[PDB]
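Visitor: So that we are looking at the same thing, I have put the structure below in structure tokens.
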Amino acid sequence: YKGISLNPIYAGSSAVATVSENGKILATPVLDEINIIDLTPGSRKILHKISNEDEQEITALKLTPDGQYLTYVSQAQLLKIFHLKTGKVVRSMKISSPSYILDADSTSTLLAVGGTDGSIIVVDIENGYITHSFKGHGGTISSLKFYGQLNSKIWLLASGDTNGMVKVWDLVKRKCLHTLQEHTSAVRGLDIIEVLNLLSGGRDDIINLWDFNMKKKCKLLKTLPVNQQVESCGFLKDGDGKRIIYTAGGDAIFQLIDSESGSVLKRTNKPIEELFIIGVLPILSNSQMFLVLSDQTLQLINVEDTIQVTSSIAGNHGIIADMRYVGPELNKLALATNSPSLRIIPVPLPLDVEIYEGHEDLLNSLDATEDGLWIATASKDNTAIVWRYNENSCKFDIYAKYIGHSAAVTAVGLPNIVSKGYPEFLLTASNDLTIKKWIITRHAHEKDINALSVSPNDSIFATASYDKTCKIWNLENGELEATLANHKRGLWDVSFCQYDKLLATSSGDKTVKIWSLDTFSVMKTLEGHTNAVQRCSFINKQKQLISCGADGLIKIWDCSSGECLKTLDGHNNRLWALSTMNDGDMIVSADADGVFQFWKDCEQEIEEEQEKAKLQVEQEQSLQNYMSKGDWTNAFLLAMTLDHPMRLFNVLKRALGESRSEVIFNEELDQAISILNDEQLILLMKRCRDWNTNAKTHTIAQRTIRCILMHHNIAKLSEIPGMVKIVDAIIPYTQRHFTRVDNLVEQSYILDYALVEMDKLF
Amino acid sequence: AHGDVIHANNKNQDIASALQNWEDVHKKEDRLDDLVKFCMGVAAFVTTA
Amino acid sequence: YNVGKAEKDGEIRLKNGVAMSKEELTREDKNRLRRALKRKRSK
RNA sequence: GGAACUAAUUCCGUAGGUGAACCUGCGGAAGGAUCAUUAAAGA
């Protein structure tokens, strides 16, 4: 299968991603690595991932308005500078006490770092040296803000401590001008308003205006009381003279507030999910604001009663409860995750997410109707809801909701749907034992339930448990067709198959079984997993069934054979769930890890082996045609490709015999020796090494060495790996044959002696 | 000592001027190698047989 | 350098240096070679 | 099943026992092999 791995762009350690003034380019960190994905309309690509150290974690990372360089801080007290153009770390240095806050100005020349201890050092972006070091206030530094003009003789740096103290350090003056402990809590966000007034975000709730000057005079112009934590704030030019400060809060409600009055012109959202926006990266000139949410998602909001997000990009899905395909197109896969919302992701680089949050419960189960549209959600919260699956437009609804029962909805399964697209009923179950079938309560099994699945005829249904039993009850009435006998220690999944007509069972031990309606008993028994099976997905061709497993590996087998066909080992630490594309077999694998992957069945690879097996049988008959009649150049090559030594040696027998009137063999054969590969000069000389052993195959070896020496550059022959050890065996046999041939010349002058004593007689 | 050197700088016209002047001289002194084998092969044939 | 049996299954190398592939053999030559390696292994 | 081809430790009292060549819980006994260091209110 052509499995494609999927990874999360924003994950692990909390940090603020750095984006450039232009929409394109973005930086996110997952564990040790940092992933940079350029942002362009219609194209998403990841430039590169920095390996760094897997053991180390990333406290924070920063990108300049123009993305020339990427700056990140490791867990160890050192600073690593990365150059975007060459993808190489130009400089690295120790920042002593680690500083989470890094501030970059529009110009990339100056970068500010805040230590854990509260000591702040300013480092030039271009050269890895510290222009100056400030002892600063004796507290952790919450944030710093730089002020600059493309060309100016005045530069102002503002630093915010954990306590409500703001020091406006002046770089040219090298003095701390001002102290403003108006704030009673650490200042999380500082924004320097254009001329001079200083706006400081207050962690406690107070957002405080200030007057800044080179001279001592400074005063508090205004104080704004907002009912949210000020995570970050900024000044927006839009709205002219009445600039509306941009405020980010713990509740995640973005607020634009009049300057002249404390009233809020417009609030972009309130979100049902209980998340806080860690920090906001705003282009400002482009009037685009990026909000990093506490549910690990990024929302793009334009700046002009409720702010409307232009698009939503989800950096990482922490956990996928289950994988179920939804929609007519089938491009987007509905995601069941540990959150109180439903996320719809498109199927093919950052991926945008459609998100629906019908209930507060993290989704604990999910299901979609086979003919296209509907989606149904099972959650920890007792409420169970049905979702409107339109494929046309961006419209989505959740019209039906079900009161039911006082425990979490373990799983929602709908046997059937009517031809108008309305579900007939919902069977659903719990952490307790109270198992219910609501149309639009039964009990089964003393402990928590695990899975619910259905047959295309609505006749039969089955459900599974931790106390080891599977129950098959009538769908129409309130009747019990039977009970399955038991599995070894707890049944994680139950799956019906259309062609076979079987009920498969996954377990909490490493065994899978196949169960029958007719006898209520085990048809087949499987083994050779490590941990626990978790989910079993039906296969499109109804033969090659797919089981997942809580040891990170997925495996494929046929019920009729009973034997393992294939194993897939491409995921990291776990597996939880599995999806199959209905129309064409594509196995889609879902885990505790934030990686994801799409696999596919590939008869096509057999046709590669068919053409390879055909090619030999094709070329042997040419070879035996060449071995009939000559054309020994082609008889050499097809021997050299398919490695028949005795048929190759017969060519070099005949090639010497035909070469009886520097050219050592046939001339076109000599050109064929010149084009021999490095793997072929090993194999030819190795066969030539064998031929040098006995004196009958002797000279046929020696003429083949003479070509390779006469028709190659000999600097290759030392480069070639393992070729020297072949030369160790060739040489002392040649010296042995050298005396042996020369001694036949020494005996040969008896013929010279038989002339001289004879010609004297004459 | 220098067979590494004169091999890599083979077919220089200055070195091979000397080496052809070597081989034009060195060919004449095969006449003992054609003399020893007669001196060997007879004396082995005479004393044994 | 002793001549040795080749690492690939598709070839057979004899003790004298006459290498034989498994694919250029005839079935009657396949017979004698298995019969020859029978009596040396048996001995 | 048929017929081809290719490939190649001991003991005592007491109580109980269904994996009891006997064991186990509670309390006793030795009739069982003591090396080493040792003033530190050395106020």
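Please read every residue number as a count from 1 along the shown chain.
Every residue gets a Cβ built from N, Cα and C, even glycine.
Sharing the features that Swiss-Prot gives for it:
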REPEAT    A:53-94  repeat 'WD 1'
REPEAT    A:96-133  repeat 'WD 2'
REPEAT    A:136-181  repeat 'WD 3'
REPEAT    A:225-267  repeat 'WD 5'
REPEAT    A:358-397  repeat 'WD 6'
REPEAT    A:444-483  repeat 'WD 8'
REPEAT    A:486-527  repeat 'WD 9'
REPEAT    A:528-569  repeat 'WD 10'
REPEAT    A:618-659  repeat 'WD 12'
Visitor: Based on DSSP, tally up the residues of the repeat 'WD 6' (A:358-397) by helix, strand and coil.
Guide: 0 helix, 15 strand, 25 coil
Visitor: What does DSSP give as the helix, strand and coil breakdown of the repeat 'WD 10' (A:528-569)?
Guide: 0 helix, 16 strand, 26 coil
Visitor: Is it possible to list how many residues within the repeat 'WD 1' (A:53-94) are helical, extended or coil according to DSSP?
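Guide: In the repeat 'WD 1' (A:53-94), the DSSP-based counts are 0 helix, 23 strand, 19 coil.
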Visitor: Do you know the DSSP helix, strand and coil residue counts for the repeat 'WD 5' (A:225-267)?
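Guide: Its residues fall into 0 helix, 18 strand, 25 coil.
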